[PDB]
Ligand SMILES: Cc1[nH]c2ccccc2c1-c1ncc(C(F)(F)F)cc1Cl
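Just one chain is shown here, as structure tokens, and it is the form solved without this ligand.
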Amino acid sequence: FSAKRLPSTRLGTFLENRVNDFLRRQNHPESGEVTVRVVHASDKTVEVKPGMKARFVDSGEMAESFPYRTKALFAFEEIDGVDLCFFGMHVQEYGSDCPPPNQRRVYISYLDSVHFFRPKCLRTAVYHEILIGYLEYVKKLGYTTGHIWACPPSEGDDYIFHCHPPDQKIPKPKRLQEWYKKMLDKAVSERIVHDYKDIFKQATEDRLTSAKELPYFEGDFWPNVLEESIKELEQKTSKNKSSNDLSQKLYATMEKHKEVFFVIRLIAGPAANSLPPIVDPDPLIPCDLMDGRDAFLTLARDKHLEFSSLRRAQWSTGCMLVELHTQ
């Protein structure tokens, strides 16, 4: 059992080709072949939570729920003949049939890494090649907008890979924001990304007048903010004298936090307005192991897998791949 022998997808074939084209051109002798596999793809729904449901769904103004496809994908490098899993990502894709405001949008739920890619000097670059390649791929299918919440894990916590190396440091926010800006400046110079904005500038330019026009994703910041804001508003009373107030709060919260939310325009102008439907050429992949991040954090803990050194992470990659061909 090895990474290569995991079934192929167009998405995974495209990403590993862009990465290995990049490495071959670097011609660094420390580097090894990279494999990229989608290991989970399934159809999910995000439910408008009770606050927004009472205000927008009940009045016919907004959809009760938004269908998306979730996918997990992993990248692997040959080190000393052996496969090492060094990068992981979970994405939410909302297609052409999805109602507004979610239509034709991709959202990255979680990404993660184990810092052992060889060599060090190309690590950042290869991570960028994977994310830019992902944005290239969904742009070609007809997705118009990408969405990133720039949010590092808390101290000691693990988004995808169980027990990271003690010396793999969590980036602080400003560094992580600068890292996404570098990846996006490159995607702009390659004419994949048209441009990008902080959520607050995006909303101001789209002239967002209402909370129902804001894209609504599973586990994202903004739906929780809207539930807390609607609850604050409904506590208020006023004696005699002698909605828009939700928009005013959403704007204030978008200004306080603008630096952490990226809106990435993949397709701009009239080109975006007469697109054909989105057909994902890749099939569903059921795989309870990679259905969200939790099951893989649980198996790792239970089988004492760790990604805390090259040897343990090489060991855990092998055990990961066994369990993936099994179920």
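Numbering starts at 1 and follows the sequence shown.
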query	finding
Continuity check for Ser242 and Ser243, given as deposited residues lacking coordinates between them	10 or more
Residue stretch of maximal mean CA temperature factor, 203-211 vs 143-151	203-211
Of 25-33 and 47-55, the one with larger mean CA B-factor	25-33
Largest Cα B-factor, entry values, listed residues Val38, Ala268, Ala63, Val263	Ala268
Out of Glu234, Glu178, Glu218, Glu129, residue topping the C-alpha B-factor column of the entry	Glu234
For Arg69, the third of its chain into which the C-alpha B factor falls	middle
Modelled-residue ranking by C-alpha temperature factor, third containing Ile108	lowest
Position of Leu226 among the chain's modelled residues by C-alpha B-factor, lowest, middle or highest third	lowest
Within-chain third of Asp195 by Cα B-factor, per the entry	middle
Third of the chain, ranked by Cα B-factor, where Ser238 sits	highest
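The same protein also exists as the form solved in complex with this ligand; that form is not shown, yet it is the one meant from here on.
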| query | finding |
| --- | --- |
| Site status for this ligand placed as in the bound PDB entry, C-alpha superposition, 2.4 Å backbone or C-beta test | open |
| In the bound PDB entry, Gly95 touching this ligand (heavy atom, 4.5 Å) | no |
| Residue contact check: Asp220 to this ligand in the bound PDB entry, 4.5 Å heavy atom | yes |
| Contact test in the bound PDB entry: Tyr137 vs this ligand, heavy atoms, 4.5 Å | no |
| Residue contact check: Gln202 to this ligand in the bound PDB entry, 4.5 Å heavy atom | yes |
| Candidate stretches 257-265, 24-32, 54-62, 273-281, one within 4.5 Å of this ligand in the bound PDB entry by heavy atom | 257-265 |
| Contact assignment for this ligand in the bound PDB entry, among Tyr196, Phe76, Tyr107, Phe116, heavy atom within 4.5 Å | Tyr107 |
| Heavy atom within 4.5 Å of this ligand in the bound PDB entry - the one residue of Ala72, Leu141, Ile132, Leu214 that qualifies | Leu214 |
